[PDB]
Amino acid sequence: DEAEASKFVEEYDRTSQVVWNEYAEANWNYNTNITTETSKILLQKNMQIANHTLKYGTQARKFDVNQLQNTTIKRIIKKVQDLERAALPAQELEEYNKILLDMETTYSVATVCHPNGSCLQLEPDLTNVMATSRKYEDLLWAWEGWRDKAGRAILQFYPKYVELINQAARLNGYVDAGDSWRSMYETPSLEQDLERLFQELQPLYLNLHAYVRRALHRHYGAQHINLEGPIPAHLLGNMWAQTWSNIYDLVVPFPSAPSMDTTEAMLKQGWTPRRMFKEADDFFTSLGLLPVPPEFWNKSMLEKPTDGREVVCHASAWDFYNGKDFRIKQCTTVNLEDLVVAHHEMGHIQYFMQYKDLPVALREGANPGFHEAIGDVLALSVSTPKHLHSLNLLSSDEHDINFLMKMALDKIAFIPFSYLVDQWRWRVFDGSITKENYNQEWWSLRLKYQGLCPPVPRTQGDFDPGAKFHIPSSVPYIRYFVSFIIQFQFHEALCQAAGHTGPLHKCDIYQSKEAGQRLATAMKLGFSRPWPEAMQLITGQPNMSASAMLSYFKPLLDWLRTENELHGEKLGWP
């Protein structure tokens, strides 16, 4: 029957390309122009792609994968047997698709208004307030307001969403949706592996947390900061306190060594969103990697539209499954934070182009984390003082500690948050957390892992998780935790291949062909082989390891311990 198998995969591939390309079209139109019309069309297309999935998935299940000889065919067919949402009865499928659409629309058009009439959208208004305001009450207004308008509005849809996504998972052979999502890593030991990694980063996070807590105590006052407790969630310069880069000014280790206004420098010399992506595109090509197609610059939405249409601003990279059309949709703002995001997204695009010739079923990253790490790796080099100086955006061991601190505020602060999100969802999916306890358990984890507390007590009806994009958008989050760990492993390996010597944090792989080759060879595998092989190709070993990230920040860890020790900090919280 081996003959029927290769034939099946061939038909699945050519037909999937057509249907998936049409779907991406409708999805893009909705995402870049939210209207009743584009919404209705997208929902119609959902039913069409579902019909295709059910047709080929039903056939795939007729094959006994065990008796299949060719490992590539065996792998593709096993994957096609998973119908995902298409496994749901037609009635539940349309209800599920509408719920997803409603949650996405609700989140993307939510606004927080003042008594007068001035209403602010998340991007860039509220994001700017959280990043620049140093007034406790103004930060509270934005923090609470976003949750009141976005979070609370998602609550009416979540319980049903959970019921339906779990039903689909069970109909595909999994115990629940969390089980289904975790399966993407093909790693039985996943939960234990990630827990060990999280634990290895505790010394660093706890020391950074204590140091930043002391700084906030200095700025906002003893009456608002408990030196032995959690930090109010609205003072970290970010709506979700997932990255603390924006309060660098309040915590700079050596204020005597001033650093240029990077964001002001970009604006000062006319940097634009297009320039930002052009620079990222240049970094990739410098490594010998692929440049984005001409079509990319013509079809991407790199700026928030001003023609009246409403859009999903949250940045994302798109593969239209025809090996030629790739696009990015981002409401880009001119600043260093979004420059890094630009590289992040361009990393996804590079992966798309690298595996474009593989069967559609295998056009995915070695694991989701790999897809998320590519752009971040290059951004690590872009963020170095020397590289920023080469871009004319910047002009001592102290400058070194300041830099590591800036890097830690983003990378280290994000570790517990990235770990937390799916620890919460997996327990919602497995029934451990009911709708009565959604919010309470979210905050229990926010405290346990991040050491944060809500500035305003939560009340019945609040659903703070809904105020975070990936929740109503139903996008898994553990990939970001994996990404932050492995991106440093990649940085370390690529730097070693590039001939770098000395402190790892001083490495800049710009123009390194050796580094480019390692990334390309790995990306070309797509999802054709277990991820340890792609890991081996890049790093020379097959496991995930926190050693690289710890090595990168070693100088900061030493500095933080000394600093916290002399101030008598009590690490942690009750």
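Residue positions are given as counts along the sequence shown, with the first one as 1.
A chain break between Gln91 and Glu92 is not present, all residues of the deposited sequence in that interval being modelled. Relative to its counterpart among 519-527 and 62-70, 62-70 has the higher mean temperature factor, C-alpha atoms as listed in the PDB entry. A summary of the deposited B-factors shows that, of 127-135 and 474-482, the stretch with the larger mean C-alpha value is 127-135. Annotation for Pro188, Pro294, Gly173, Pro454: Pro294 ranks highest, by Cα B-factor.
Per the deposited coordinates, the residue with the largest Cα temperature factor out of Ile374, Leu393, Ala150, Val212 is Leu393.
In the deposited entry, the Cα temperature factor of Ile509 places it in the middle third of its chain's modelled residues.
Placement of the Cα temperature factor of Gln423 within the chain: lowest third of the modelled residues, per the deposited record.
Among the modelled residues of the chain, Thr105 sits in the middle third by CA temperature factor in this PDB entry.
In the deposited entry, the Cα temperature factor of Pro115 places it in the highest third of its chain's modelled residues.
Compared with the other modelled residues of the chain, the Cα B-factor recorded for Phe417 ranks in the lowest third.
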